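Chains as they are written, first to last, in the entry's author numbering: chain A, 5 to 651; chain B, 5 to 651.
Each remark here refers to the structure printed beneath this line.
Protein chains: 2
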Amino acid sequence: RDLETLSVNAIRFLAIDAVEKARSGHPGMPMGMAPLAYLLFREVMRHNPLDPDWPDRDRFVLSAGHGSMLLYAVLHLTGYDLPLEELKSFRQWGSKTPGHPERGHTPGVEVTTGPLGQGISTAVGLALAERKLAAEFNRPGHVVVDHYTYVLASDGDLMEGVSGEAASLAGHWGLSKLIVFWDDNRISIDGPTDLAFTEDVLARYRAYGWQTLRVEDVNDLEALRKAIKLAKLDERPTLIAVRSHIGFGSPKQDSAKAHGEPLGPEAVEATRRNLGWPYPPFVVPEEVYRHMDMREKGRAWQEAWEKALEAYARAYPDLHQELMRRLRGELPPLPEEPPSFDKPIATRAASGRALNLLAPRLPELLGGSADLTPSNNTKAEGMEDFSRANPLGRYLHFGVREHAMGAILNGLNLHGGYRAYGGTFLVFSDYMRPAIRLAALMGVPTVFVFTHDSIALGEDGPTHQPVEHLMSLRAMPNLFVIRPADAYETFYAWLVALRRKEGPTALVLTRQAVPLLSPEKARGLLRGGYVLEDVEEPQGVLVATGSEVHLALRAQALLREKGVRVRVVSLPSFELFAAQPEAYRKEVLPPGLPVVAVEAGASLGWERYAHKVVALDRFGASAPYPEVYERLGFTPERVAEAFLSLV
Amino acid sequence: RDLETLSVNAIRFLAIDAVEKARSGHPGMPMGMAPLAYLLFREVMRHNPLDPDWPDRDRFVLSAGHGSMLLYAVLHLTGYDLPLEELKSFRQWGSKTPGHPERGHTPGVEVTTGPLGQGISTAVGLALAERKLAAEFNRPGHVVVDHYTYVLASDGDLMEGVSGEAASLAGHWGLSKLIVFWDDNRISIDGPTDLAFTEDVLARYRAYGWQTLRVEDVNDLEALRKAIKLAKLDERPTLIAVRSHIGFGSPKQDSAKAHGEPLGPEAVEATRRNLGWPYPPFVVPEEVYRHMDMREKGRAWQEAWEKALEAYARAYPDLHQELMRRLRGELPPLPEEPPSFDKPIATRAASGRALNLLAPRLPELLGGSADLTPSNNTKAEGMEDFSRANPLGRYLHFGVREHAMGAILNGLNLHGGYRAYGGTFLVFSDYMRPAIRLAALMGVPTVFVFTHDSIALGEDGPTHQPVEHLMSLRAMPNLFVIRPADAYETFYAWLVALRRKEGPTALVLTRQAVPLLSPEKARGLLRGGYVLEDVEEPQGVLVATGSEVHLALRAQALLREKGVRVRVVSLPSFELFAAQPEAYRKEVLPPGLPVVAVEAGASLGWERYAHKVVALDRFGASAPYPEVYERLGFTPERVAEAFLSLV
């Protein structure tokens, strides 16, 4: 009881002092939840501070990112590569201890959190990934996949709609190894939480199909242990409401003032006296460092996992080889030849065709849609629905939950073992923007499939027709936005996305059928931008993306008939094209030559490549295609005129 | 029962025939929910087809927008100005019957719907407004505000996290006059709803503090009447689960195939027989028209209200005058001078100061924040928190629910009598994107207050620092994006936002303090863009927005040291500037001379105004300002260096 109390306080003051030194941060919650952090990293979780990437490690997600110091303290104390020096550099430029957790920047950080709801929702993807991977690879006497997903969430996390969406799915899927701890401290930024949050939280989670438990005092370690055991025995995911006092032990306890600002010298000294802590800032007694050290238990656990893999490899050669390849995120060779197309087809259907070819060769590939499966062409030939009764299914029905789908997709991609994509209409990328940005931030290669990319979708009308979407996504750092012009570019679009591991990729597809280009030409997509149809001594350029490339080709003909010669450039991806050497970019778009761009979307940003653009800067209309398309200004005649006005 | 059945079928077949003629649309749900629409418009609601804008009318919101024909049919049958010919023009260019309901395009349409979750979430705002307006204007013997908010929602609406956020708040606020009908038909676009939706919906809503009722058969009109009565007697908002068969009476009944595609000839013929409907396409018997005609009752209801108003005007002259003014959307006289500032100050604090000056003159002004009241400076001095116990409060604590806040703000602004704004961090605009877009589509003047607009916010880090946000919002049609440079531009930004009635306005504010500009010069904001500090014989121009205007001034001076003369232009709003005469624009930015842009956000789009840009095309960092700001490249030396490479 002395080492526990001593270690818990160690976590508490490392948090208090780091925030005090930085004069910025959130000390309150780490102070109250310190006991849970201690329990998880020292007794409950199997993890290896020497290898934070050990595949069978239990995963902890700090959804309440503001309480970062709570995580940094326990990581430092248990042996991870996070020296005291870094804790003394909390929230400082270039430190490994940023204000909110950053996956891939700090050892042991599973998910980048801060925006509430993202951590707890992304964790559903992590839990889904473990459950599916276990079903695929475990065999009699061979348990190579066995770990839990733990989450620490705040009132804010539970108020966010995305967490509710993910919760609904987690219960639906029966994710029995997902365990969430809720810091029920009744305090929010605006003051008492009852100012805006009074629902029966646990009753709502029971409705989702979860198990709910309560721990009346976070300091009561035995209470926490018993709760966690009960949760592991239950076949449902579990939410444990844990009562705590924000700013425990200080004069600011139970006050929003303890939430996001340094305690101040007065409060610090008083806290030290109240909790009986004689140690100066950042100083922890060696006895705690010895009791908290997990380097030896970590080696032991990982070593045992590794020996288990040796046995597995003997009894199951092929399975072992595949598990290893997938856990290492290594793609198998990809087909080089696109599928055969013989007639006009929507890129969404061409995407479905590329997927029928790719999926059989990629057992790690998981797909899904937000209740638009027949409209997104995302269920590949061969894929079956995942469900409680069919844990092997590679296709996911996310329901009308774009946001949670994004978070779950990121979670599945973060776990290791899978590569997942999910579809919805481009317009609805608006419901999941936070998850898309989070993938871009964490460098997770989630693939977002967006169909119905323009007014050409027709009769559904303005509420469904994208306008600002292409440009809003292109402005986001670390996101490839690929809008293939035809069936063939669509195939190469998928290869680009799968091979791109640095960040997410958004594939933008049509509802309406569009002409085919030649497979030889379309391969140019691999360069982001290329010359589709060139001409002798070009007098200009018509640059287009996706479906408008076909409009451009028709305008080129009209121009040719009048003696004007312009080449046509297909620019499926701004980012990929910009990554090409300057010489290539200039060969495609020769300086001095007038350029006209064509894209059924907002014109903002096109000045980067064109002198004039045939775009759309107003909401759509409910009318059939191509009438809606033509009447809103997208005709070869208009493009031709646009160019003629430049010469 | 004869007329009831005949009229209900009239609704079913107008829908079936309209969809069939358009060869596009959703006939399934309208067939099943026909009985409810009949009951609501014929018996339950007080409304006037002669005047859809009657302020005391009950409000109906078709959240499940795809079922638009259900609404167009009943609007047609009850006497609204929606002729048969428009029904025959369903989903055709320029018709008054677009695929999804559009506020302003069709008489009787309360909210623009289609994107699931928006309708039902927006309704919370409609009900809040009614409840607050009643409390504010009703007096003994003078009930001038008294109507209900009815909503028809589908499975999809209930899976969307935003609907959950809004329901949590509806129960929290005790909006007893909010009545929601859920079409429990067990069918989704992907197939049986249980593919991804198995939660206990009613148990969840009960946890939100709602009353929950069940109608075992929608065709049972008496059961429906009963539920509605039970809901009106209860002080909690009510969710009524109504069982129905999608595509009722047809070969596609209870099948996903009945959801969003024409029934088809054979199916149409079979339906007419099964339901005993002998009338040809679009033909409705006179007996139904006479039975459904609500024009006479409608005029009577409104007239009685006009009388209560005149009686009110006699008893409370002042109150009546303000109500009429507010209901007409007319702004009262407003301060012409900005508050007086003396030291560097963040634009968010300056915003709070503007509000303290503006709010006292605007009793219609409602403010709020998504659990960031102290950080957004949205609670004007004089404002009290709204609560079930304090319905007169003008300040709303939305909690960590940005999306629902968005929808609710739209509802408040849509209702009439109020003008509402709400805040959160600019980065979190991503969580409410669909609501922002809906405001722009509908032309509802919601004011979205976004603070912590850049990496300059400091230590919180990349998860909280915006990058792509400004451009992603500027690309959206009908949205003014105003980024005031200082405290003084901030006051004029509010005037612009308040006076703009055509669509929403986003005010982008800083976390960090910035220098004050000349009060008189800051008025240039009203032109969207203007010359802040000119020089004789300008060799170039430095254009900037928000906080960067101050960096640009420093670079201007630095250049001066080297003998280079540059003019500094402040561009607080791209949209307001573009709306100015070309001559004025060319005066601010004289063609020919080089321009360098400066803005702490993505560069994409700046090509429209600058030849070179000093921007940020990567995510931020967790560091203190000004360090994070300087190390990320925003320094006068960098800006100067950038321009010198053009001259």
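Backbone N, C-alpha and C define an ideal beta-carbon position, used for all residues, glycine too.
Environment of residue i [buried if 16+ CB atoms lie within 10 Å]
i, result
"residue 448 of chain A", "buried"
"residue 299 of chain B", "exposed"
"residue 522 of chain A", "exposed"
"residue 98 of chain B", "exposed"
"residue 458 of chain A", "buried"
"residue 132 of chain B", "buried"
"residue 590 of chain B", "exposed"
"residue 287 of chain B", "exposed"
"residue 221 of chain A", "exposed"
"residue 144 of chain A", "exposed"
"residue 187 of chain A", "buried"
Beta-carbon contacts of residue i that lie in its chain and below 6 Å, excluding the five residues immediately before and after
i, result
"residue 528 of chain A", "534"
"residue 207 of chain B", "none"
"residue 316 of chain B", "146, 148, 324"
"residue 69 of chain A", "104, 105, 117, 118"
"residue 354 of chain B", "491, 494"
Neighbourhood of residue i by C-beta distance below 8 Å, restricted to the same chain and skipping five residues each side
i, result
"residue 95 of chain A", "26, 28, 29, 101, 102, 103"
"residue 651 of chain A", "543, 544, 568, 598"
"residue 173 of chain A", "128, 402, 403, 405, 408, 412"
"residue 500 of chain B", "484, 486, 509, 529, 530, 577, 580"
"residue 291 of chain B", "7, 10"
"residue 434 of chain B", "473"
"residue 360 of chain B", "343, 384, 385, 386"
Which of helix, strand or coil DSSP assigns to residue i
i, result
"residue 109 of chain B", "coil"
"residue 496 of chain A", "helix"
"residue 168 of chain B", "helix"
"residue 647 of chain B", "helix"
"residue 439 of chain A", "helix"
"residue 588 of chain B", "helix"
"residue 215 of chain B", "strand"
"residue 454 of chain B", "strand"
"residue 632 of chain B", "helix"
"residue 537 of chain B", "strand"
"residue 123 of chain A", "helix"
"residue 399 of chain A", "strand"
"residue 487 of chain B", "coil"
"residue 394 of chain B", "strand"
"residue 376 of chain B", "coil"
Own chain residues within Cβ distance below 7 Å of residue i, not counting five before or after
i, result
"residue 364 of chain B", "386"
"residue 234 of chain A", "217"
"residue 44 of chain A", "64, 154"
"residue 392 of chain A", "177, 178"
Beta-carbon neighbours of residue i, restricted to chain C and to distances below 9 Å
i, result
"residue 104 of chain B", "Annotation note: the requested chain C is absent from the structure, which comprises protein chains A and B."
Check your understanding: Quick one: complete alpha helix (DSSP H) runs, 4+ long, within the region 24–70 of chain B?
Key -> 32–43
Review point. If contact means a Cβ-Cβ distance below 7 Å, which residues of the region 79–100 of chain A contact chain B?
Key: Against chain B - using a Cβ distance shorter than 7 Å - the residues of the region 79–100 of chain A are 95, 96, 97.
Practice item. Give, in chain order, every residue of the region 568–598 of chain A whose Cβ lies closer than 9 Å to some Cβ of chain B. Key: 578
Review point. Given a limit of 9 Å on CB to CB distance, which residues of the region 389–418 of chain B reach chain A?
Key: 389, 391, 400, 401, 402, 403, 404, 405, 406, 407, 408
Exercise for review: May I ask you to list, following chain order, the residues of the region 608–636 of chain B that have a beta carbon less than 9 Å from some beta carbon of chain A?
Suggested key: 608, 609, 610, 611, 612, 613, 620, 621, 622, 623, 625, 626, 627, 628, 631, 632, 635
Review point. At which residue ranges does the region 128–195 of chain A contain complete alpha helix (DSSP H) runs of 4 or more residues, listed in the order of the chain?
Key: Here the runs fully enclosed are 159–163, 165–176.
Practice item. With 7 Å as the C-beta to C-beta threshold (strictly closer), list the residues of the region 157–170 of chain A near chain B in chain order. Key: For the region 157–170 of chain A, the set of residues with a beta-carbon nearer than 7 Å to any beta-carbon of chain B comprises 160, 163, 164, 165, 166, 168, 169, in chain order.
Check your understanding: What are the complete alpha helix (DSSP H) segments, minimum 4 residues, inside the region 560–627 of chain A?
Key -> The qualifying runs are 578–582, 586–592.
Review point. What are the residues of the region 461–479 of chain A that lie near chain B, defined by any Cβ-Cβ distance shorter than 9 Å?
Key: 462, 463, 464, 465, 466, 467, 468, 471, 472, 473, 474, 475, 476, 477, 478, 479
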